[PDB]
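Coordinates in review
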Amino acid sequence: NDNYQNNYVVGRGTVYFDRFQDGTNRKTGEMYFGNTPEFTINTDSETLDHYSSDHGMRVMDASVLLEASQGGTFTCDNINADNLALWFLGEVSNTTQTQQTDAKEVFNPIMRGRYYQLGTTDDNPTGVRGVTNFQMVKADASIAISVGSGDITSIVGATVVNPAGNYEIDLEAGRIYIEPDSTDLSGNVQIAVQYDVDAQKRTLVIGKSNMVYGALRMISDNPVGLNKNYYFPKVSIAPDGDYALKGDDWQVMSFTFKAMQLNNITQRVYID
Amino acid sequence: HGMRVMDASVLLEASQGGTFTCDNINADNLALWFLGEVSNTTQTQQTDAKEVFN
Amino acid sequence: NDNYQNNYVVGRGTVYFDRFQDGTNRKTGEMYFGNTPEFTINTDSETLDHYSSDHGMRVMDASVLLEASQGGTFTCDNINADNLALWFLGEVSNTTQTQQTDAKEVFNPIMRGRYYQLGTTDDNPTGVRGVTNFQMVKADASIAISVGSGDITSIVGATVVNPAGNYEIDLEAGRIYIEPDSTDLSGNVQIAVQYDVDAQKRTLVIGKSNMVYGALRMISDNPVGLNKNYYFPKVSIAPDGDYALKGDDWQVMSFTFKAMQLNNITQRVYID
Amino acid sequence: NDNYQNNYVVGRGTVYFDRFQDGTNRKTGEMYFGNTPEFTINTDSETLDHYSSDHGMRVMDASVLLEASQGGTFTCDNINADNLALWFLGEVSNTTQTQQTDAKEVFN
Amino acid sequence: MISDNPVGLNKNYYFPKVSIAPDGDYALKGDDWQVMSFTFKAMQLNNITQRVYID
Amino acid sequence: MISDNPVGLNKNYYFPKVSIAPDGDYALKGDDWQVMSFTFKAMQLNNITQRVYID
Amino acid sequence: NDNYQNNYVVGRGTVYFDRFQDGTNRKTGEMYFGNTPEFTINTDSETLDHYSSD
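The rules we used
Residues numbered from 1 in each chain as written, not as in the entry; some residues may be left out. Chains lettered and ligands numbered in written order. Part of a larger assembly, values for the part shown. Heavy atoms only, no water. Residues with missing side-chain atoms left out of burial classes, pairs and counts. Helix = DSSP H or I, 4+ residues; strand = E, 2+ residues; numbered from the N terminus. Polar contact = N/O pair within 3.5 Å; in protein donor to acceptor, adjacent residues only side chain to side chain. Contact = heavy atoms within 4.5 Å. Pairing = 2+ DSSP bridges. Salt bridge = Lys/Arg side-chain N within 4 Å of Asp/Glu carboxyl O. Buried < 20%, exposed > 50% of the residue type's maximum accessible area, 1.4 Å probe, protein only. Buried area = accessible area lost by both parts, 1.4 Å probe. Core = buried A, V, L, I, M, F, W, Y, C linked by side-chain atoms within 4.5 Å.

- By the method listed in its record, cryo-EM, this PDB entry was determined to a resolution of 3.5 Å.

1. Re the side chain of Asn222 of chain C
All names here are of chain C.
- When you line up the elements, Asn222 lands in the loop between β16 (212-220) and β17 (230-239).
- At a separation of 3.2 Å, a polar atom in the side chain of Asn222 contacts the main-chain amide nitrogen of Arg12.
- For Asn222, the residues in contact, after removing those within four places along its chain, are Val9, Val10, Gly11, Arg12, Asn227 and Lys228.

2. Regarding the sheet that holds strand β11 (residues 159-160) of chain A
Residue and element names in this part refer to chain A.
- Strand order in this open sheet of four strands is β8-β14-β10-β11, and the pairing throughout is antiparallel. Bordering the open sheet on either side are β8 (103-107) and β11, each of which pairs with just one other strand.
- Where strand β10 (residues 135-140) lies against β11, two bridges are found, and the strand directions are antiparallel. Residue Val137 lies in a different strand from β11, and its bridge partner there is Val160.

3. Some words on the pattern of salt bridges
- A full pass over the atoms with the stated rule returns 18 salt bridges over all chains.
- One salt bridge in this structure joins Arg175 of chain C and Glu30 of chain D, with 2.6 Å as the shortest N-O distance. With one member in each of two chains, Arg175 of chain C in strand β13 (residues 175-178) and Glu30 of chain D in the loop between β1 (16-17) and β2 (31-32) form a pair that bridges those chains. Take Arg175 of chain C and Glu30 of chain D: they sit in the same class, and that class is buried.
- Because the salt bridges share partners, they merge into one network encompassing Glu46 and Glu67 of chain A together with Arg4 of chain B.

4. A short note on the interface of chain C and chain D
- If you look at the interface, chain C gives 38 residues, while chain D gives 42 residues.
- Buried area between chain C and chain D, summed over both chains or domains, comes out near 3,600 Å², and the portion from carbon and sulfur atoms is 52%.
- The salt bridge partner of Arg58 of chain D is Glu46 of chain C, with a shortest N-O separation of 3.7 Å.
- The tally of links between chain C and chain D comes to 16 residue pairs in polar contact.

5. A word on the nonpolar core
- Judged by nonpolar contacts, the single largest core of 36 residues is most densely connected at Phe17 and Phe39 of chain C.
- Of all the elements in the fold, those that place two or more residues in this core are α1 (27-33) of chain B, β1 (13-19), β6 (69-76), α1 (81-87), β16, β17 and β19 (253-258) of chain C together with β4 (36-41) of chain E.
- Sorting elements by how many residues they give to this core places β17 of chain C first, with four residues.
- Beyond its immediate chain neighbours, meaning those up to four positions away, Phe39 of chain C contacts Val15, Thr73, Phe74, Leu216, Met218 and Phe257 of chain C together with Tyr26, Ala27, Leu28 and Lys29 of chain E.
- With 27 residues, the next largest nonpolar core counts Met31, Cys76, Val205 and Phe257 of chain A among its residues.

The structure is reproduced here in structure tokens:
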């Protein structure tokens, strides 16, 4: 016997991650998640045994371990554009928009009392932010309108719509709200518009569907225990659970992973 | 070599979806919840409408 | 943007129901349930999609809705003879009993300390209520007794039983309780009785097994919101859950339904 | 419309039971359980419908009720020799023992 | 979902094609206020535009 | 078979001569609802009109 | 290559039949069966080939 000294620990540490290039195993640089409120490591280990058939009832002659899937789940509270690329399995795209003038667009079916987004194209699919000079005219819905060139006040069947009591626009997002009580836009009426687009740098997170491989690392600085840090040479980050946007608590993103093996030499988990 | 060594893995599907509630109850949201359609009609002003309950 | 005004609502309203005649679709008149403490409408909607097999892994090319079963459950607190006909899947029977005299009945096996019901016939199967003049005699159980006519004090093997210390009768229900310590009725002893039946109108709820079709309607008068009322042209009322008779809370009857479709024109749900 | 009067109820009552003779349907006398603290009646009713196959997706053309099993559970607090015959599925036997002397027995 | 967050750097979501379906139950009478639980499932519009666009 | 398909571009079939024969069994009593399984075999009416016409 | 649009289908339809008079080929009027829960079309096609012997 002896007077023994245990190693109690409270876990506090940062979690790092570096993606691999697509279809290869080259690093790209470890990113910083943020404050991860939990970081668990679980193991599902099924076995396989053989009960002997020479004496006794169900005597275990030999057993062996089939698999031991090293994995775990974690959440994170820092929400930037970079972690949403991992949760939505997508990629950050830092683009701009072209400063164009006289951008013309048609809305053929119209119910009044409905929002409308200006400029849903293939270049900027989520919309156009920044509108300088807005003008629109109305027409009957049974007439097909060709706005291939020229102004819209000069085309046939056009009637200029007053800006008061008929619609309402904000210029920081380019959103048209047709009024629910607008006598000029009642009936079966279509609308052709024009607007001017500014130029600013904007960020999209285009959420495709591909599994993201990479290495995981938790450097820990424990406040009461002898600290130690973990390293996973290859995991596969997948989204887990739900991502509740609105509520009372603060928004967390629950992740999960599954530690694979990089090659025939380097193994799955390295505790330093 | 080995017992259950993961040589390669891949993602079959990733179903992006979600649920939400709403508290504003008008005639327009009930068309979405009941999978139906709003019908704004009238009734004909008729007189001497006769009906039997057997 | 705008200053928007929501439509908040607290639901309070009455629930109506009219049965159909058996094997047809004719109405009979909407009954009033009572205060229904809850009335829910749920929808189980399974879908069917087809993942594309030309590019990508599990890309949804097209999806469609197989079924959308409009249905719901509700409870009710008003317990009369009319709602028990719906919960027990039966039918209210408003009958009478025939005012007869000298009604004679035999009880061949007798354990003492047991209740006995007078007049379990095919006309009034639950019993006979209202007894005027009760007399009974005892005999040995090995002797078959024929009480086809005449009084019972004059038949063979008869011994008149004293009313004190041997049995006990209430006349409002016609129930015989043989005393647990009665020396006159100990052993293997049978009993033949006589009694007189009064005449009063009585109500039974004969609980058969048939599905009850009908239309459902909830006219609502909401105390804080813009009210609106529902109408189901054909549902099928079925009993749901349990009906706890004794306890602390007040007795509720949980129902359920499943909105069918009346014909090829009228659909399943009409919100006004 | 009207001023309606509901029928609210708190359930308190006694529960009676009379056995049948074995293999027959003859009564024997209703016994008294005691204070039964609960007495519920539940119904498990599965149905059978036929979705039409001429127009639409899963349009209920006709439905019908297969079974409606009327049943229930209850407890009881009075424990005598008579209710234990029902719970243990047995039978009360009121016997005696023979007054004998010099009863000899071995425990090996 | 255009969001105007009271404490964080706000951002808005866009789904090019979903399929709104009713979910859960719609309790009419009770104590709390009536809510309608919906659900959706983000499909893909064509071979170019993908399922989710965070701006 | 005139078809009115709920999700696809509908089309209808026409067989100028078949021979209806009973097939399988016709279970009278049971749990499911009684169905009658038929079968046929598309013959040819003459030397001009063929066996199957999809419109 | 292109952005192709398939033709997916769920089959729902009615099945009609008109008898012939006995020993002839004259029509008599198409009857309505009812809801037919399935309607399959199968083809048994045996072939005949000749393996070369040169």
